[PDB]
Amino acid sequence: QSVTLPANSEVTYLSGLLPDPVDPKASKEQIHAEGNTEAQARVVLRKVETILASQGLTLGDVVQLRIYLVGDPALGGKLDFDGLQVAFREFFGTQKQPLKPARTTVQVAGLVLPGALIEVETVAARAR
């Protein structure tokens, strides 16, 4: 629905995050990601957690999540939203972390990393 930031909030913007290449040491021309949308989303949400934690922030501090999916051929070229929702539910609305941010999921035509099916963009804010 909606999230409201107090005027005393400290706001942190992340770059869009992609899954890790299977070999981060591969050449610029063979660097690529593997896995289906659910697997890749799980990797990317963990990266968000890790980056946020290194700032003293938690997944409960997320105020806005923008998720860009690439269509999966097995799904008629459509975005794999069900795969995404599985991973997303492991990280948000659970008991370790109950909160859910404002979010948006759209199907894009492509991402910069070959084989990547998901990129996530994050805004977090710690009230004060």
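The first residue of the shown sequence is 1; numbering continues from there.
The mean Cα B-factor in the deposited entry runs higher for 26-34 than for the other of 84-92 and 26-34. The stretch with the higher mean CA B factor, choosing between 67-75 and 94-102, is 94-102. Residue 110: CA B factor in the lowest third of modelled residues in this chain (values from the PDB entry).
In the PDB entry, residue 48 places in the middle third of its chain by CA B-factor. Compared with the other modelled residues of the chain, the Cα B-factor recorded for residue 62 ranks in the middle third.
Residue 21: CA B factor lies in the highest third for its chain, per the PDB record.
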